[PDB]
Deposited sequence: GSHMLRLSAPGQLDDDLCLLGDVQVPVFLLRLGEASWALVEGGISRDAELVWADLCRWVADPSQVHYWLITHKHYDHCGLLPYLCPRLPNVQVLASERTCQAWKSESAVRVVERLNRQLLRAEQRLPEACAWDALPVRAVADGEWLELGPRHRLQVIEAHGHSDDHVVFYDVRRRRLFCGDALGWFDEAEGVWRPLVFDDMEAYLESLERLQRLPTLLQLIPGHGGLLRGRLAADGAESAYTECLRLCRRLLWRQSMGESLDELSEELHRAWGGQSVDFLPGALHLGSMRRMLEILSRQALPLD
């Protein structure tokens, strides 16, 4: 499809997709000898992403920044395994996100969730400690002056998770929106809501994101790059789909349906491309809590 770039490699003059489109890691050419990464992947992809990186970047000492949208296992799983190979990298994440990496209970869930994704033959690279990562904490509204042509603004976007942020390149009308709009469904071309924390904050984040200057490029945490109207209308559409799901929880519960009976229907309907179910229930619980 032409409103959506989902192939590994070059997406724009300054931007490549590395690794798997479902859990991509984006690469920004900041300058002749200066690069940046955006989104932190899953752990098992450490060697794939590495191999993909080294095809665009001769010296990895040139990777200076790694931007992280939130703490979930599928958006920072690469950090302990590839940061040691990127000696000059500096990891930029929100205050709450950095605290997750200091929590031992939280780190243990990240590691366990990622380990369920390792293939039979494979083991992982040698790794940093999670509290040893070269990290600089960023705050809502901060400007990340990454290079002469790359200037991104950090925007708090809680709701998907209580730590979530997005990164706006206003020069390029390019939003790295993480999971804040949900999961884009390539089969039907609509967003699927990902509310795993607070529904009001999720809707409020989308309200603010809609007020951004018209997007040209919308880059979620999964699925690749969205352009044209998919980007322009992204935040409004995601907001709409979320409401749509609320009204359907309401409806089906007014007809005596358990959360599970709809947890199954939603898992059956969308879980064949985000492959969870236990996550699927905490969302339906969260939404039915606040309405």
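- Missing from the model, by position in the deposited sequence, are residues 1-2, 278-284, 301-304.
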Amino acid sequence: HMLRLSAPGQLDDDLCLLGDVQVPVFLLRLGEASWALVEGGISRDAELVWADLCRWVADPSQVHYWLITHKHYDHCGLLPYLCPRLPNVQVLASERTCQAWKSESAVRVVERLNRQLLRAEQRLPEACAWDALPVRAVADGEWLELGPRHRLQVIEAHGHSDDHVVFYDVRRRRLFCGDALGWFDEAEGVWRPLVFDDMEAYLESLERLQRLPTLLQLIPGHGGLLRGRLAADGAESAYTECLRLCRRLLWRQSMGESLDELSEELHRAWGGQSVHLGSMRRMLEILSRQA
From here on, numbers count along this sequence of modelled residues.
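- A summary of the deposited B-factors shows that, of 180-188 and 129-137, the stretch with the larger mean C-alpha value is 129-137.
- Look at the C-alpha B-factors of 220-228 and of 59-67. On average they run higher in 59-67.
- Taking the deposited Cα B-factors for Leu27, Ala46, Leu259, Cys54, the highest one is held by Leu259.
- When the C-alpha B factors of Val275, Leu18, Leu11, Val23 are read from the deposited coordinates, the top value falls at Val275.
- Per the PDB record, residue ranking by Cα B-factor puts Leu250 in the highest third of the chain.
- Annotation for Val38: C-alpha temperature factor in the lowest third relative to the rest of the modelled chain, per the entry.
- Per the deposited record, the Cα B-factor of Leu3 falls in the middle third when ranked against the other modelled residues of its chain.
- When the modelled residues of the chain are ordered by their C-alpha B factor, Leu82 lands in the middle third.
- Remark: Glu204 belongs to the middle third of its chain, ranked by C-alpha B-factor as recorded.
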